[PDB]
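J.: Take this structure, written in structure tokens, and hold onto it; I'll ask about it next.
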RNA sequence: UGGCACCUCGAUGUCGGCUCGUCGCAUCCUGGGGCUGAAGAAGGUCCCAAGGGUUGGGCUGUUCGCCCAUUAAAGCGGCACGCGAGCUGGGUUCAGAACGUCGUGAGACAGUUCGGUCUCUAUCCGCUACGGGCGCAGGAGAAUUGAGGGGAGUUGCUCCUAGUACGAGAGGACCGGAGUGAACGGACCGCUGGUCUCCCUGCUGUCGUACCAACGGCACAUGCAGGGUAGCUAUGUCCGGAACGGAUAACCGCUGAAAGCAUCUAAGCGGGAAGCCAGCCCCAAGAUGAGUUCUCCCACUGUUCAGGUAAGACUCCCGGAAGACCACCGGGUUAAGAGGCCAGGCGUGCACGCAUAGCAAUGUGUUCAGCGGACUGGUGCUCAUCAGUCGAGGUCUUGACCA
RNA sequence: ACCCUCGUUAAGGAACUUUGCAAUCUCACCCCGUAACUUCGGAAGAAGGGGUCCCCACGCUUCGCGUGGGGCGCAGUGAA
RNA sequence: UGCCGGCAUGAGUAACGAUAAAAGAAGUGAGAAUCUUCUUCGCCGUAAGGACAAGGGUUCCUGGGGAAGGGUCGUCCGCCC
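Protein chains in written order, with the working numbering: chain H, 1 to 58; chain A, 1001 to 1114; chain U, 2001 to 2125; chain L, 3001 to 3205; chain S, 4001 to 4132.
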């Protein structure tokens, strides 16, 4: 049992305009509460370990 | 589709048989580490049950006893868990991240005190 | 869109009871020798009093109340959850210390007529 | 050519000497705020504006739209159409009596690209044997090789319909004491806490 | 309503076994015989006509054996509620013998009947109606 | 039903059945019209365009077909007599056997009969969707009027001037009227129900607590009997095609020409139901045929080169009856957003201790509450210190216009 | 979405369809109870009726049932 | 529409294998979720036990290292010495 084989292909031309509707979101937004610079999307260090107060640990 | 909240991924018999050999590592230890959802729907259990732990009865020690198969679950809930915070309704241990698994993405906190 | 930061539910529970004015009866007490009875319709009026000779049982939830938990026997069964909220019906009756089965609805039984189904529910089999 | 306001919540309500059906809706009065003329901005118009928020830390651009001879905080906007009316609030208890055949409208329901079996409600095609087809599919929907552009029909999966349903005729219940209530009888659209523009009798005589 | 359909005591003519299957109507209460009427539905109402399957028979007094004839019905068990925040319904109902033309042979109904058959152009319905 | 054998045998598999069906009209049932050897009731043939729509049983593989009742009536020619990139083979048409005559026998028959695998990782054109962006020229949150792309229509039945015009007698209208129904658009939870895979009670068997009232692991991921909220959808309930203007076909005129009479003289105009403009909604002035408004940043200088200074989009923390992701929403503390705790229903319906009849299985009492997955909420506690990304001031020309 | 797998229904129980394969339903032990046909040994271990757990005057009782007053639940070999 | 050798694309999707539950403390170190010392869970246990029969011949160990394999990989192998 085989469903219509490949035949025609899609090398160049196409397979180009396919790294843009996704790619990677591109970031570099924030740089930590106070010291140094990590932070993530709303999330404390591991440096000083804090958004503004006591947490995590060096 | 549905919504509201409160679901279940891990087994359907894992709702009265899971933290009973998972979150049980909290009576004598407390170094609990289990999902970024479990814990969030685990509060409705830990800090939850305590009103019948304020003192000591018997029925207040049933599915308070046999619900977390152990000893400290009763031999400490009375005079060391409930009273440990018998002044503030809900809200105590600071569950959060810890450093993920490195590979996939699942953090699991720690739970502690003082 | 109807969600922000305001609690408007005194229509859903206020204006709701802005029209009520009744302390029903609220007796689920089964097997009574006489009870309430609808005002009927039919002619101009001729507001008669012989709807159905109920046993009285049930409760419900807000303006709905599946009242009837009665039916009969000449017509096999036949329940018809009537509206507890109405201003066109006789103002009930209540009697019977009642050996209470389950109260509220049942659905089961309701065919196990035979004879020993007077005002009790326990059985040995 | 009057009121417009937030859906949210329904129930069954007393009628004469019974219970019937019923539906309900909540409201307030966003107030006009803007009023121009007929010179650009086209016909008559108006712009609804206001409900229940804290637009302070919202943005610093919409806060200026909010400016005429009124205050407090606004949430949504929208408009109505041509017509004449005072400069007050939204409510079915304005100047036009009680007992009107208003015609609501609703958005959607929280779904997400599903089958035509739903877009047509009938997915006939007995398949109690073989299971190559789980009955969910219409099937056929095709012919030979004489062209074929799938037409523009085919209600296949996609994105459903936050679009306007315009319910038309839907009787009113009762007007009671309170800062405006308003209710109706007959489902009423808009998923739970909707909004609804609410519109005057359109039926064609 | 519905083709076959199992029930209980019928017109009390004879037997405790009856039938029905086909539906007929025209919105009258006893006109006669014409070409058509209505019944594009999938069931019935209550005080309808319904070409019911004869199946059985009665002893021997004015009713035949194999018989065959456009029988009728009584009540149903589908849709409609009593308006009074309640309902009125069975899960069986009966039949009663009612002339093809529409001349309710109503000998002596026994057991409870219907109250909703008082807008269904009752006429010979509700008279000897036992329980109501 | 075919005459042709033109490419299709590097191979396009009968027919029919469910469903999707969407086209055409010559119109299968409405509509307004020609006539009717038609009094009415109801038809008999024809004119015009699609606005809609057209059953269930019996057999078959059935196209077809007739038999039963319905249906306003049950169409005709579409589509390789629609289609397995659906299934089905069910007939029969693949190899087995039997019958009927036959060939001497092996064997022959769109002659009859019994069973008799059935495809296949969808790049895609294209279609139902949501996003990455680019965009009519400063950058932006959002509110807007629009071509137009689609959705967008069927019908029996009571009562009334109706027991009338008509009919010598049975019976019964051109107009519409409130009224009962169907497959058929949605909606909505609060009349009806299920669904609930963990909240309880009921029971056999096995174990862990030594052991017992008392409970848990296994019996589909609740074992078995039942119950269940937030949600979903049908049998749940309401609404669905009806005013009306331009202008039709069938038809009816005002003056009646040219052949001095007349006919709707196409020379002036009206009455004409359904399509078409419109009237209900999405989309959408990026329809490149760039439409309007509320709203935020800037009076400086250095890598035809050139800065120290942003508010709106956003990583996001806890969440949404919103969902793959995601366009829309709620708090980031000037703090009530999910969870715990708490007033209350909720369902297992009267938990546990203890005393007793006493062989005692069990029962009474204190408890219609003990027990309660997302419930109107409350508590700002389990969480919220903070930290970042477009770091910028209207292109050419001519006009209404400003001192 | 859909998809294989499982369970529970208001309204009719095969009208579905080539025909209840499938699906799903359903068939305890003891006692009494039991056909047209029939080579009578059968067709039926048919259909159908009561119970089977518990305190007890009581057996071959180191294990069943049993004339009885009665106990729990809507239902008792009750799950398989 | 050849044949082998290599690059291919179907495309990063379908899929990791019978859907017969698992959490964690701690050893280690290169970080550890699937190793190791271990309390809790559950599936089979007329079995998916142990011995004899055929087979593979190097399985078992004192253990050791990722080039590669065990269709993730891994500080586990019965890989390799």
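Just so it is clear, CB atoms sit at the ideal spot from N, CA and C, and this is done for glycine as well.
Could you name the residues of the same chain whose beta carbon sits closer than 6 Å to that of residue 32 of chain H, not counting the 5 residues immediately before and after it, in chain order?
T.: 38 and 39
J.: Within 10 Å of its beta-carbon, does residue 2081 of chain U have 16 or more other beta-carbons around it, so buried, or fewer, so exposed?
T.: Label assigned to residue 2081 of chain U: buried.
J.: For residue 2002 of chain U, does the count of other Cβ atoms within 10 angstroms reach 16, so buried, or fall short, so exposed?
T.: buried
J.: With 9 Å as the limit, tell me which residues of the stretch 1083 to 1113 of chain A have their beta carbon closer than that to any beta carbon of chain H; keep them in chain order.
T.: Residues 1094, 1096, 1097, 1098 and 1099.
J.: Looking at the structure shown, is residue 4119 of chain S part of a helix, part of a strand, or coil, going by DSSP?
T.: coil
J.: Looking at the C-beta of residue 4131 of chain S, does it have a partner C-beta in chain U at a distance below 7 Å?
T.: yes
J.: Determine the closest residue to residue 3122 of chain L out of L:3047, L:3139, L:3026 and L:3097, with distance taken between C-alpha atoms.
T.: Residue L:3139 is the option with its Cα nearest to residue 3122 of chain L.
J.: Work out the CA separation of residue 4030 of chain S and residue 4099 of chain S for me, nearest whole Å.
T.: 9 Å
J.: Please list the terminal residues of the continuous alpha helix (DSSP H) segment that includes residue 1098 of chain A.
T.: Neither: residue 1098 of chain A is in no alpha helix (DSSP H) and is coded neither H nor E.
J.: Could you tell me the distance, in whole angstroms, from the CA atom of residue 4052 of chain S to the CA atom of residue 3202 of chain L?
T.: 46 Å
J.: Thinking residue 3173 of chain L and residue 3022 of chain L are a contact (beta carbons under 8 Å), I'd like their distance in whole angstroms, please.
T.: 6 Å
J.: For residue 3024 of chain L, list the residues DSSP reports as bridge partners.
T.: L:3183
J.: Does any C-beta atom of chain U lie closer than 7 Å to the C-beta of residue 4085 of chain S?
T.: With 7 Å as the cut-off, residue 4085 of chain S counts as an interface residue toward chain U.
J.: Under 7 Å between beta-carbons, which chain U residues line up against residue 3052 of chain L? List them in chain order, please.
T.: Under the 7 Å cutoff, chain U gives 2004, 2005 and 2006.
J.: So that I know if they touch, is there some Cβ in chain S lying closer than 7 Å to that of residue 2078 of chain U?
T.: yes
J.: Give every residue of the same chain whose Cβ lies closer than 8 Å to the Cβ of residue 3087 of chain L, excluding the five residues on either side of it in the sequence, and list them in chain order.
T.: 3031, 3032 and 3035
J.: Could you check which residue in S:4108, S:4084 and S:4102 has the C-alpha nearest to that of residue 2064 of chain U?
T.: S:4084
J.: When DSSP builds the beta bridges, which residues end up paired with residue 4104 of chain S?
T.: S:4098
J.: Cα separation between residue 3028 of chain L and residue 3179 of chain L?
T.: 8 Å
J.: Helix, strand or coil for residue 2083 of chain U per DSSP?
T.: strand
J.: With 7 Å set as the bound, which would you pick, yes or no: does the beta-carbon of residue 3018 of chain L sit closer than that to a beta-carbon of chain S?
T.: yes
J.: Establish whether the CB of residue 2068 of chain U and some CB of chain S are separated by less than 7 Å.
T.: Cβ-Cβ to chain S under 7 Å: yes for residue 2068 of chain U.
J.: Whose C-beta lies closer than 7 Å to the C-beta of residue 55 of chain H among residues of the same chain, with five residues either side of it excluded?
T.: 44 and 49
J.: Cα-Cα, which of U:2117, U:2103 and U:2034 is closest to residue 2146 of chain U?
T.: Absent from the structure is residue 2146 of chain U, since the part of chain U shown begins at 2001 and ends at 2125.
J.: Pair every Cβ in the stretch 4044 to 4051 of chain S with every Cβ in the stretch 4073 to 4082 of chain S, then say whether three or more of these pairs are closer than 8 Å.
T.: The stretch 4044 to 4051 of chain S vs the stretch 4073 to 4082 of chain S: in contact.
J.: Mind checking residue 2045 of chain U: buried by the 16 CB within 10 Å criterion, or exposed?
T.: exposed
J.: Nearest CA to the CA of residue 3095 of chain L: which residue from L:3112, L:3007 and L:3085?
T.: Of the residues L:3112, L:3007 and L:3085, the one whose Cα lies closest to the Cα of residue 3095 of chain L is L:3085.
J.: What separation, rounded to the nearest whole angstrom, lies between the Cα atoms of residue 2130 of chain U and residue 2048 of chain U?
T.: The shown model of chain U, from 2001 to 2125, leaves out residue 2130 of chain U, and the question about it has no answer.
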